[PDB]
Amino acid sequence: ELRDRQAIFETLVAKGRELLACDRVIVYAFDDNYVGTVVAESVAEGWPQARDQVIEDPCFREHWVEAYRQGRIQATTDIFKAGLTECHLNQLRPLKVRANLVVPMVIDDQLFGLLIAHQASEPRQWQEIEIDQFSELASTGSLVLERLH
């Protein structure tokens, strides 16, 4: 029952990477300290795997929880041109991220986590249709989980 959650997470990451033809898609799920765990991952062969990593970034609890709960989407063509400072880039470096797309998963009016896509090693001008499909995907999976209780 509760473990059926995982089936949804696996679907989101696999479908997401297929939709975007990007290098990695993860579900990054928050605990009650807004520490995120990579609970699911679809990653093309040969790129670093983030699955099961716990990645604590205080920026979320300090700055961004409500914004994402309210539907914030961050598309980034080039992480080196996005005003992201070294303390941010340091987290993305090991995973070879160069472009990314962050969309929220909101369940029962609470920020469950984020669905995140990465393009490795090259910038990527995310398209309107790509952002819309990816955010839809996160919203759909969230609504399924919300309806299953």
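So that there is no doubt, residue numbering starts at 1 and follows the sequence shown. Heads up, when I say rigid core I mean the largest set of C-alphas that superpose within 1.5 Å between the two forms.
Larger average C-alpha displacement in 5 other deposited structures of this protein, relative to the shown form after a rigid core fit, is seen for 79-87 when comparing 49-57 with 79-87. Of the two segments 88-96 and 106-114, the one whose CA positions lie farther from the displayed form in 5 other deposited structures of this protein, once all are superposed on the rigid core, is 88-96. Mean CA B-factor, 65-73 versus 86-94: the higher value falls on 86-94.
In this PDB entry, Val35 carries a Cα temperature factor that places it within the lowest third of its chain's modelled residues.
Split the chain's modelled residues into thirds by C-alpha temperature factor. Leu137 is in the middle one. For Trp47, the recorded CA temperature factor ranks within the highest third of the chain's modelled residues. Sorting the modelled residues of the chain by their CA temperature factor places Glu56 in the lowest third. In this PDB entry, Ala120 carries a Cα temperature factor that places it within the highest third of its chain's modelled residues.
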